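Here are two versions of the same chain, shown separately as structure tokens and labelled structure 1 and structure 2.
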Structure 1
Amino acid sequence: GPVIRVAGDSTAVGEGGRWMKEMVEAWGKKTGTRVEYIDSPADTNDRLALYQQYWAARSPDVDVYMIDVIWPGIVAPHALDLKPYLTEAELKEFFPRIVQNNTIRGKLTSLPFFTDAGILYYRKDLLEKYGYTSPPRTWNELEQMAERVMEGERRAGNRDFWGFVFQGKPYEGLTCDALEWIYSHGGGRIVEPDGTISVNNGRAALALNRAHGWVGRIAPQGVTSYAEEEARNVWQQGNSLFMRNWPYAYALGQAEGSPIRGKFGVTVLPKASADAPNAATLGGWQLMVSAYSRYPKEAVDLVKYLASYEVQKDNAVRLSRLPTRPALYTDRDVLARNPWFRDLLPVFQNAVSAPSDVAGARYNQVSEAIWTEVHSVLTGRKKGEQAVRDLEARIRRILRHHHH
């Protein structure tokens, strides 16, 4: 009978790939359907380039793809419209914001699978050791805490210890980090939902200059090459006071044999001042059935299973990744394992999207301009002032003649 082949999450990021392969294999066993799992590279933009090869070929060799929240406008032609397969009641069990994200020109490109938001990880033991009673609310406070804690830990003999790790590699994750910096300084959304390219302003320039000021100081020089896992591994070994990352790192840090089990908490990222907006970049993944699948019925059944309450529950409990079903945020077991899902739910609700809606199918080009200009600041090659000016010019060229 058919073999349903899934290009799923990466085994190179935490447990996400191993876990998803397990869920796909469980579906195959429950239904008596043969399955195969196709692994992916860690970085989202590398995944996009890989899947674009299959889509260009109209390849039947993948039935289901796990797609980024930033991709529906890019990937829609390659998606089977799921709308005819779900009832209105079924579709209302997911967050409407994500269903809307996934719907392009009325086509439901994909089912919401897990959501994501950038958050601040902090070492509670170290804050207490150095006389701090709360995590930092402003970036200045973050820098002050990091300077003091680093000085003390270095003096105590940990030469591997840093104050802050984050994603500074030139790839999509830096666009995500940089949206948080810029928005939390009151510098806007880079490209606003209305189409205005707003990034050439002094608050956005300051945000980028501030992040440059971290590199080689409170953050490793090598942060300019870090994606999610590089930052996590410094943090997880016990060697960073603070980390900016996504929800998946929490469960990994709590695993038996983690050096930092029981030593950390999470909160909203800091901001420039009390009246700036809180910033958490909206991430997350969706489940798409290929327009090129020879087995759409079976593929749809697998995607519904993966997006189901029980599978999302397992993702939450075991991998600390955020459900797309509001009902799971009140589930007793989800909450007992991850009480911060409740504490941070307003952060998740107010997360700021990258400019994928407005850029549509040109989003990857826009994002490449963003991360490259941002990276030039982090390396000390350009000042923020010049970079936001250059970035404006680039995005103007990229989006010229694009309408949304």
Structure 2
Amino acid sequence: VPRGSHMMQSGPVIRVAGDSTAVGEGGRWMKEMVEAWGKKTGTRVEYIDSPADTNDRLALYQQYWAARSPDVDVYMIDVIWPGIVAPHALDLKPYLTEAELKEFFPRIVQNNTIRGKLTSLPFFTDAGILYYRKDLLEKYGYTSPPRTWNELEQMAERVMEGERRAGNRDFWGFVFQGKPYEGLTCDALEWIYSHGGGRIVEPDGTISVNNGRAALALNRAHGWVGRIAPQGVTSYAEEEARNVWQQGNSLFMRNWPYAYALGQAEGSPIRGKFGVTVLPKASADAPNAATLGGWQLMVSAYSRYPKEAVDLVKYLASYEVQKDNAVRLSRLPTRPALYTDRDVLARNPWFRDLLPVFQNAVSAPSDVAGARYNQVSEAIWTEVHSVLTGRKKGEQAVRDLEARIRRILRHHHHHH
């Protein structure tokens, strides 16, 4: 076969579908890392811009997976996607030693493990956290943020009485996401799990929510509505909550981490006045909780170069690449060691406060629900929202919610 520029060059070409280089800096950075890996290893690489919209990205990836296409080796997948994409993922478990796997938060490794397959490595993350006004806590004699829900409610009532007396009729104690949508599922998982009430649906498939601790969790949350939280909280998603908070009108907020940098912006009324920590829990013997978000890296089951693709994924999820992502882009690492890295904390000191968040991360039940996740989530947010609006109590809601999820997850073919 003759040589010439138009003839085939031998050798692998490793193709990554990552964040888009057209939108913001995340995709430009990710492509820079892929190209760096290619240069350091002598491996040709190509980069595919993925949609920023999660549903559009999933659709794009499904065009490849439907065909068992070899044309992407590495995909960047959402936290709830392992549960639906596992058959399209190479099992990474044989390629990682225990020492290597243990460097990641175990709850995020668990999220990515579906019927024993390690579908993907943790890349960067997000979870539900507590925002608190440190100025106001100091003013009212508190030296640390609340560790329990009762403390939260006590502090909220004291600070609300003092700020309303001083004349701010718009001031509240707590804002969160109470609207009947996906975000309520995430708030509710935190409430229930942090009361010792379980994970709604357990990783082994047990529908555990009909229990006394879960019921209290929900009744407690109803007890906030119109009292330490606005009556309108039952219509709030993430940005309605952030609006009240960022105006200076809430002592506490539950939200995702994106609100932190927005609150520190030049014109923000609350710039320099807040901290973050893990959400409270019912008592010291209960566990903490933070509903898990974020992104993972999968090697395609259809890759023609699985070993090389794995090498690239391990590199992208490595200590130094995650560190670069944290220092340059403020992405939250999936390695606990980075939360005490002196260079990460010099750039992002508040990251330290998130270590207990990710040590206590819990996932929505996408592992077990598969193609029926949205049905299960809708059941959860509907029943929980029924409690927040006073239309039913927690005991009935958790009973009704168990029944709803059982119907959704039941095998079609019954046998009497």
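Superpose the two forms; the largest set of C-alphas matching within 1.5 Å is the rigid core. Start at 1 and count along the sequence of structure 1; that gives the residue numbers used here.
Assignment of C-alpha atoms to the better-fitting superposition places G8 and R203 in two different rigid parts for the change between structure 1 and structure 2. Of the two rigid parts that make up the chain, the smaller rotates 42° against the larger between structure 1 and structure 2.
The rigid core superposition between structure 1 and structure 2 gives a CA shift for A361 of 1.3 Å. Superposed on the core, the two forms differ at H78, whose C-alpha moves 9.6 Å between structure 1 and structure 2. Once the rigid core is matched between structure 1 and structure 2, the CA atom of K313 is found 7.3 Å away.
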